[PDB]
Each structure stands twice: as C-alpha cells, then as structure tokens.
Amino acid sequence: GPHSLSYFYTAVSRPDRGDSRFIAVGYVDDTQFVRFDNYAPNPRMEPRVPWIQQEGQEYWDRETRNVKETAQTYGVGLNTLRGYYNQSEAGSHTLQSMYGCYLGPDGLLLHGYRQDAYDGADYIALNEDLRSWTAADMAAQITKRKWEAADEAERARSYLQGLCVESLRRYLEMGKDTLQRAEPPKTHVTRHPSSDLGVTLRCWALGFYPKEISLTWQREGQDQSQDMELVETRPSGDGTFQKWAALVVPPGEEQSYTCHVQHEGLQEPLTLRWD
C-alpha cells in the first residue's frame, strides 16, 4: 500500500505525581523511528532506529523543542477537558492524538488525518476534506469553536500536504533498505496430534516486514475458513513481525493440506505442506 508517516501522542494526567506524562511515538509505515517521553531522562525526541540517526543535531533540537511545547499544550488540555466534563481533580485521564499522511504516486499527499480521543473515546477529528472538524459531544464543540477561530484546519492541511509528505519522502530514502525492500517471511509447518480424529497443523510466518500478510490453509483447491485459528500479527522485537495460522485435520490427511503465504517480500505466493 501507500507509505505513511504518522505520530501518536498520549497525555496522561498524574495527580499522584503532580503533573502529566506526555509520550510521542513516530512511525514510517510499520517502523517506529522516534520517541519522546517526559518521564525519561532529559526528555527529548530520541532515535529508535539506526537510519534516523543520520539527522543532525538541529533536527533533534527542533523536534525536541516542538514536542516539549506540545506536551505543555496537552497538560493544559487535560486540565481544560476535566472542566468541560465537570470531573474531579483526583482521577487520571487520557488525551490521545494521532495524525499522519499517506504518500501518493506523484510524491504528494494521497490522504491524511488528524484525530483526538479523550479517555479512550473519540473527541474531535479533522474531516476528510482537511477544511472542517467533527466534534463528538458538547465538550468537543467548545474545542471546535476555538480551533475554527484559530484557523487550525488550514494549519493541519498545510502540514499534511507539505512538511509531512516531504519528511516522509526523506525518511523513505534514508531507510530504504528496510522501508522500501520488503523482508519476506521465514515459513514452516508444525504438526501436533490433538485428538483421536484430529491433528493440528500450524503454519508459521516469521521475521517479515511490512506487517501485512496473508496466511490461509487449503486442501486440494478450496480455502478452509470456518475455524482456522489465526493469531493477531505480533512484533518480533527486531522491527519485523510474525503470525501463524492453524487448523485441525483428519489423521488420514496432513499431506493433502497446503498453507498459502502472500507477502510483498515474496516475488510469488508461497505454498508449504506437511509434517
């Protein structure tokens, strides 16, 4: 699919510590490349993959200054929404934002987004046209009126159509070996006798990137799709992903079942079979 650059902000009020904690994570596609955490030593934007480490100190300085000011805004924001909702000062609350841009075939913005949630429920979002906002409730209508008077949607649109895709294109270049060269899955099938009339076959896909993948089981042509248990794709720990898909088959037959693997790192769909 199209490449993307996205940031994820979580602000949490911490009345037990007298402040609020602000964390930001940045992603290119499925790769976390930066983080900020103001409970960490010397809060700052920090690298989390090798290829962003080639940015010079002014890049880090600007990202740190900018996110520190955002954390400030979100600390007051938690204060303000607590008032909108008539909530007490003793409890902890959550303000989240996600925003990002997808890259079109011309190097321009394909589509982008900016959305907020308060205590895990949608609060306000920039609409698809990047010129208007949708407020979830009467509280977010207050925020909406402030952002409209400040012409915040134009600021969003400009960022998404400009800095966001331009930064994306630069990151895609610096991290080409991982962001633009897919790593195919390493695949194997295991067999577990599970009952007198059933054997469990598990098809593994390990160490792949990007995270999108298709694993399916098929006996001589038709796709098995009532109950083949498939785990949620999960991180490997090294920036790659893993997944498996399992189904129960009669002991007469394991050889007759085929696991099919679709991933961008494979020139052609892969088939795997018995155990």
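Counting begins at 1, following the sequence as shown.
Taking only CA atoms, the mean B-factor in the PDB entry is higher for 142 to 150 than for the other of 160 to 168 and 142 to 150. Higher mean CA temperature factor between 124 to 132 and 108 to 116: 124 to 132, per the PDB entry. When the C-alpha B-factors of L206, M45, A40, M228 are read from the PDB record, the largest value belongs to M228. Highest CA B-factor among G100, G75, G175, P185, as stated in the entry: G175. Ranked against the other modelled residues of its chain, the C-alpha B-factor of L179 as given in the entry falls in the highest third. The entry lists a Cα temperature factor for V28 that places it in the lowest third of the chain's modelled residues. Among the modelled residues of its chain, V248 has a C-alpha B-factor that falls in the middle third according to the deposited record. Residue-level temperature factors show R234 in the middle third of its chain, judged at the C-alpha atom. In the PDB entry, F36 places in the lowest third of its chain by CA B-factor.
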